Amino acid sequence: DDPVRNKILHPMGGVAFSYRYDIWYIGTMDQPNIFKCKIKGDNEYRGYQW
Amino acid sequence: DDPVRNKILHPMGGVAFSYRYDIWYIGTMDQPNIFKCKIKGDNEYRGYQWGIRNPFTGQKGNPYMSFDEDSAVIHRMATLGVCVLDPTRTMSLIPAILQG
Amino acid sequence: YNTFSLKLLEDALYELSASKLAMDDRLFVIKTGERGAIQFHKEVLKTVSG
Amino acid sequence: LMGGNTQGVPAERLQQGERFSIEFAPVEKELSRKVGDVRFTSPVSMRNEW
Amino acid sequence: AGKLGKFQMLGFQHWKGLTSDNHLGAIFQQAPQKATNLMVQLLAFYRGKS
Amino acid sequence: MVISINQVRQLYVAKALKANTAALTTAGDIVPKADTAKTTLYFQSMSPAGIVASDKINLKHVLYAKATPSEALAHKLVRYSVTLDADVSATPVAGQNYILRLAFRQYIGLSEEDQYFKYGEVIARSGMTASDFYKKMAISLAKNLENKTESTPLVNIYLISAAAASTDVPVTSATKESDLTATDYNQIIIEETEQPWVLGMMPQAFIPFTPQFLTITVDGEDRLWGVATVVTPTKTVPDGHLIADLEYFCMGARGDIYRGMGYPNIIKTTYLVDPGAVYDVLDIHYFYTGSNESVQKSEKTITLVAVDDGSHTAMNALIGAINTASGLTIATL
Amino acid sequence: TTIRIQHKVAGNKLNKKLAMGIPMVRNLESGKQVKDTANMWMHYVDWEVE
Amino acid sequence: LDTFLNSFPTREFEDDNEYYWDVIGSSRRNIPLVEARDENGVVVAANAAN
Ligand SMILES: [Mg+2]
């Protein structure tokens, strides 16, 4: 329902993204069908150029 | 529905102030949104502008006579305040007869 | 309002509750007069009649 | 145009009434230079009498 | 009677008789107070952190 | 309005164009100056207090220089045109109430999340011609919008008759059907209004809205009755209230930045922008780079504002001067 | 995928203090503004970066 | 009426001086568009190609 990111508005009120019907995890997979990928040690690099 | 102050009448029965809907708290604000304001140490004052007799206090002789006439007066004053932080947390739909 | 309608009311209260209130926070208590309670009854009746 | 688009963008979607938002700054893994920045706001006040 | 500084805005003011709040406000002795407990967070259902 | 600075901006008002540094008499008077070598450019401005001169522009470190006609700076006011859906019913059906919802997205705050809803409704009747419907609905919309219980002017209501088709008939909370006598109304127009502006405290901002409709049962099904068609705007807010605040800001780069935080102990700053006047804008970007190891650039902006008659006369002469004086080629707008 | 951010600041902002003529406010992930007691400008840029 | 009012709380002040409270609002924004130009600075009308 976020109105900031969703800009198109429906004739019937609200954002057109609220009228979106999504079925996540159809059936049952032994492992996750969707996951977030990270890397082992640290891929976060900070530096100052002053 | 007090018929004393509310003097305008609705044709479909009664006082047009009863046909009035008010949501005074749209949510919980965690802080009072409507409160009666008062001042500290400077509230109601009272005094008497009298001559020789004071029925109020019951005094018979006056050393400091305000005036000669045999009369007593009593004066009072008060300071008031009332705050509504955000009227956006208040919904009210009113009959038009009560408008202008 | 000249003619009180519950249609307009439910629209306004919902739209408001959507943008400002959680589903667990959309209870609205109305303070009114006995004649307004009757106007309310009349309209809720005209409503379910539909 | 990112995202692999090849046909372009219709003229509509590029008109007076159109609203945008910030997603991210994607960069190379080879010889990456700088991108991005941050943003701020400020509040207001209200008054009453006696 | 005159200006000493280069950016001096105030001059010496003087009055004789019955003193009013207007007097004290015109010589910068009246100020609205700040109610610090009092505060207003604009009510909205924030579809962020979602 | 606080804005983005690449690293700095500066604003000088071109209230009058003078050929010499000697003809600078009145404030606003400005002259562009550059050597015959066309190696450095600067503007001498007649300040109210005295006479100042802009930073010096190396004509080989200029990045972009462009004018603006003040028409790209007038925020256009988007106006909808509400009508009865001829596919549902070209005329009002008697026993149905036609409610209209006006959704406002930035009401008091800055976000789209801060939204606000006014309404307008009419219960139709038998033999209610469409013109009568637009009438009664216009009054209902205006009365609930322009009442004495609104902290801001949200919307403006207009009507249009088939005869004129271009003249917009005003409808406020002070209008009655006794005044709306025509019988050929075709639509309800709904604009957005310009909010209150204070020089450096409340910036130019608007409340954008969308007319949303509610359903009516025509035969046996719920159906929307209206068509919120967007048409070409015809009313704009000029540049005045926008340039003045830009000027108010860009005069802290070379002046007092407090601007009031000690009220009687303030340095009063005089401004040369008249809100209500329309200003074209010339904007030059450029940088300064060191000698041997200080090759890091220092990009700099210099803004110029000249009032705009219909003909862009003040800024077309100013440009002609700068072009002949610096060899640049800035496009006469 | 790779992501980068940058932000420039002037040295004068070091140990800099703010004259709280209006409350200094942070922007939260939700989207709500929150009043802050801090007077350092670095406090706020640090927040907006992350 | 006494009951109506006595349903509300009351807060003390120190004087009859105008008071003011702060009003913090929302942060998340969304920028509109003015126009769009092709690679040659010509503006794209709605009856135009990609
Ligand atoms: Mg209210």
# chains A, B, ... in the order shown; residues from 1 in each chain; ligands from 1
>>> residues_near_ligand(ligand="ligand 1", cutoff="6 Å", atoms="only C-alpha atoms and all ligand atoms", output="list in words")
residues 87, 88, 89, 90 and 91 of chain B
>>> residues_around(residues="stretch 19-31 of chain B", least_positions_apart="4", cutoff="9 Å", atoms="only C-alpha atoms", output="PyMOL selection string")
(chain B and resi 10+14-15+87-95) or (chain C and resi 4+17+20-21+25-39) or (chain E and resi 37-41+43)
>>> closest_atom_pairs(of="chain G", to="stretch 39-44 of chain D", cutoff="7 Å", atoms="only C-alpha atoms", output="JSON lines")
{"residue": "G:24", "atom": "CA", "partner": "D:42", "partner_atom": "CA", "distance": 6.9}
{"residue": "G:25", "atom": "CA", "partner": "D:42", "partner_atom": "CA", "distance": 6.3}
{"residue": "G:48", "atom": "CA", "partner": "D:39", "partner_atom": "CA", "distance": 6.8}
>>> select_by_dssp(residues="chain G", states="strand (DSSP E)", output="PyMOL selection string")
chain G and resi 24-27+33-36
>>> residues_around(residues="stretch 2-9 of chain D", least_positions_apart="4", cutoff="12 Å", atoms="only C-alpha atoms", output="list in words")
residues 13, 14, 15, 24, 25 and 26 of chain D; 36, 38, 44, 46, 48, 49 and 50 of chain H
>>> write_last_selection(atoms="C-alpha atoms", output="PDB file, in the first residue's frame")
ATOM      1  CA  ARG D  13       5.645   8.396 -18.587  1.00  0.00           C
ATOM      2  CA  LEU D  14       7.760  11.518 -19.353  1.00  0.00           C
ATOM      3  CA  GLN D  15       5.098  14.182 -18.862  1.00  0.00           C
ATOM      4  CA  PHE D  24      19.977   2.707  -5.571  1.00  0.00           C
ATOM      5  CA  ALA D  25      23.369   3.473  -7.109  1.00  0.00           C
ATOM      6  CA  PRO D  26      24.826   0.416  -8.886  1.00  0.00           C
TER       7      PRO D  26
ATOM      8  CA  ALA H  36      11.770  15.555 -20.718  1.00  0.00           C
ATOM      9  CA  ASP H  38      15.716  14.044 -26.168  1.00  0.00           C
ATOM     10  CA  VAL H  44       9.123  15.163 -25.989  1.00  0.00           C
ATOM     11  CA  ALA H  46       2.904  12.990 -25.701  1.00  0.00           C
ATOM     12  CA  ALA H  48       5.949  11.114 -29.786  1.00  0.00           C
ATOM     13  CA  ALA H  49       7.954   7.916 -30.067  1.00  0.00           C
ATOM     14  CA  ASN H  50      10.310   6.377 -27.537  1.00  0.00           C
TER      15      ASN H  50
END
>>> atom_distance(atom1="atom CA of residue B:86", atom2="atom CA of residue H:26")
15.2 Å
>>> atom_distance(atom1="atom CA of residue F:7", atom2="atom CA of residue G:12")
14.0 Å
